[PDB]
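This document contains two forms of one protein chain, each encoded as structure tokens and listed individually as structure 1 and structure 2.
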Structure 1
């Protein structure tokens, strides 16, 4: 059958929102009111991979764009990027591993661990208007916990 996908937004546990701000550049900032139209809407696909009650493999595409979050080595470090794909072939159930996140539910929050790079997480900074990034350090200054809002 097709791959199953849900539209959603994400906010970090400090309640910062995710917006595009430049070519392939996703940043996190405090947003409320009219400006909330600026937030990125994801198409979260439920993909093939190792699964348990609280660890669910997903891909995170941008709604109606041929763009996915992906985890690659850059200058020898695990690195979050936006990657373009052939729009004829995506989304699909068997997404390549660089596109796969383990969506983990702990204490009413979500963490997104790289399937490719164990114990590296989608992260934000405490400061406003900085990149969303991959974070191999948890519980420090990096925010690895999120909430999801379902979108029509």
Structure 2
């Protein structure tokens, strides 16, 4: 089955934009209007024909597909990383499981659950300029829902 890609930006439910913070990390903060160009453009890839399903596996690439968001164990704990890939072979028709998230649309917002680590989600802190991380709790102070804005 063929793969479809969309370019987009992500904002958490409290309107914090996502930006790079060096080569290995994303941070979330409320950006000023003139700094809006700092927000990361993602290439969200998924399999064509699943638009009506409740859970849609997605891969999130960035840097013109040079990096992908990846879920790996670090110190025996699910961790979000930015993994380097050869952009020529991406996105794959069969993406490696560590790059896959179930995109679930709840109350008009988006939630990204790790396919490799169930009940672990892409998360942000309430505080400004803190790293984007994989979190195991929902409903607490950590934010697990986002809105998406299409670039192309």
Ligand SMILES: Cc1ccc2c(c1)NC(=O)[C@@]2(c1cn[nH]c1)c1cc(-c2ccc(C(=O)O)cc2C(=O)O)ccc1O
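Positions refer to the first chain, counted from 1. In this text, rigid core is short for the largest set of C-alphas that superpose within 1.5 Å between two forms.
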Query raised in the report: Is the form solved in complex with this ligand shown as structure 1 or as structure 2?
Result: 2
Query - Rigid-core fit between the two structures, the member of 119, 108, 52, 84 whose C-alpha shifts 2 angstroms or more - result: 52
Query raised in the report: Core superposed, what is the CA shift for residue 23 between the two structures, in angstrom?
Result: 2.2
Query raised in the report: residue 96: how big is its Cα shift between the two structures, in Å, with the core superposed?
Result: 0.4
